[PDB]
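Colleague: This one's experimental. Sequence and coordinates below.
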Amino acid sequence: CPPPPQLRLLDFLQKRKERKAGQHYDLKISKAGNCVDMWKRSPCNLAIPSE
């Protein structure tokens, strides 16, 4: 059986997704760029510069 009203948004999204995906000059280099705790930093040990 179909869905009720107020959920037609699912229909819109389903039909829209199929159309296509593309963009020229795509500057993103991260799939996980949508994280939350972006403030965390791993403890990094630098090597002593020569001079």
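Modeller: Noted; the coordinates are in hand. Numbers count the residues shown, from 1 in each chain.

Colleague: Against residue 39, how distant is residue 21?
Modeller: Distance of residue 21 to residue 39, computed by C-beta to C-beta, to the nearest Å: 31 Å. (C-beta placed from N, C-alpha, C; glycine too.)

Colleague: Residue 9 in helix, strand or coil?
Modeller: helix (DSSP: H, G, I helix; E, B strand; the rest coil).

Colleague: can you offset everything so residue one is 534?
Modeller: Got it, first residue is 534 now, which makes that one residue 542.

Colleague: which residues touch it?
Modeller: By C-beta atoms under 8 Å, 6 or more residues apart in numbering, residue 542 lies in contact with nothing.

Colleague: Next: residue 573.
Modeller: Going by C-beta under 8 Å, 6+ apart, the list of residues near residue 573 is empty.

Colleague: cool, residue 569 as well?
Modeller: Per C-beta under 8 Å, 6+ apart, neighbours of residue 569: none.

Colleague: distance of it from residue 575?
Modeller: Going from residue 569 to residue 575 by C-beta to C-beta gives 16 Å.

Colleague: CA atoms of stretch 552-559 as CSV?
Modeller: The C-alpha coordinates for stretch 552-559 follow below in CSV (Å, rounded to 0.1, in the frame of the first residue of the first chain):
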residue,chain,number,x,y,z
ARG,A,552,18.3,12.1,-12.3
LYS,A,553,22.1,12.4,-12.3
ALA,A,554,25.1,13.5,-10.2
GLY,A,555,27.9,15.7,-11.5
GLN,A,556,29.8,18.9,-10.9
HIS,A,557,32.8,20.4,-12.7
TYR,A,558,35.8,21.8,-10.8
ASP,A,559,34.9,19.7,-7.7
